[PDB]
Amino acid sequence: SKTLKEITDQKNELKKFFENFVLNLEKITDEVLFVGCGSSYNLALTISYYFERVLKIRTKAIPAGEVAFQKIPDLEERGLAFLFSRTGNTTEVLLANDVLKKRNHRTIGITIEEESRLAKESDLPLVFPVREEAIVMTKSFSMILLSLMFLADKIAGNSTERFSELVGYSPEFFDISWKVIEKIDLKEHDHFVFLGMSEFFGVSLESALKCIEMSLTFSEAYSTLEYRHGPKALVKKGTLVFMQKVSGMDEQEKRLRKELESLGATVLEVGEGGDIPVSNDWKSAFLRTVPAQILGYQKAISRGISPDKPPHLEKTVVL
């Protein structure tokens, strides 16, 4: 499977990508927008939290269709907008780019295709040297996220040394993830729930989408503690929860885990002190959709369907 290959590339090629492209990136206002569709909107949401966190600037993540059709509450008088479209030809993103440019916003074109309309129509194209072929986005989410988190810290003057450590940890992280998820009785779980706060909520939204697209399993995401306020009514044997642990909340997380378990759910924690260890600091966001991509893949195999052929999907969505 090409999809399995590209998921696995987060283990095999990440360091190379990090060292050849990310580490060379430093040699890009008041309000900064992050605009995109589907996985790219999830990516925009995740980085918007981090940018506001490390640069202390106002950010907004907006689905591109809302910008394209000017349904968003009015913008500031000027600003900077990061536009995301992996293929670079997503109609809504190109329409958004035009609307933003006509509204005095300078646009940055994030895409992996150098000859795409976004590469050619954005004010500041930023083409990523990443080869990703499959319908479902996998490694491109992590690699673009890693790059923009690293870039934000460099602009802020923050230390980026921990990104080398997390990148170095990706192979072991991947192998632990694969083996831990292999032990789940997949055929018996058909309701996936992804929980996480702030940047980890964005990771959770992206996680649900991977399982929806790859495996056709009803999946949903919530900010961690929000899950008690209604959503848990659906819990029963068959519900699988992937919880993204965050610094300092082990007590609340363990309490929620035991509660969901008593209602029938299978709960898996991602983070130190959980089932799949990884730093609980926000910087680990670029690795945290890996467990859900592996869940999606394994679950599809389990159902006997191909994660490389999701029904009805197209790489470039064109209106």
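Note that residue numbering follows the sequence shown and begins at 1.
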query	finding
Unmodelled deposited residues flanked by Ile28 on one side and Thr29 on the other	4 to 9
Interresidue gap class [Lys27, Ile28; deposited sequence, unmodelled]	4 to 9
Higher-scoring stretch by recorded Cα B factor average, 8-16 or 303-311	303-311
94-102 or 74-82, whichever carries the higher mean Cα B-factor	74-82
Out of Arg162, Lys245, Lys210, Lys179, highest CA B-factor residue	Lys179
Which of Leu186, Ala221, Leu151, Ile112 ranks first by CA B-factor in the deposited coordinates	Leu186
Ranked against its chain, the third holding the CA B-factor of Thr289	lowest
Entry-reported Cα temperature factor of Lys56, expressed as the chain third it lands in	middle
CA B-factor ranking of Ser215, expressed as a third of its chain	highest
Third assignment of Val203 from its chain's C-alpha B-factors	lowest
Chain-relative CA temperature factor third for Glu66	lowest
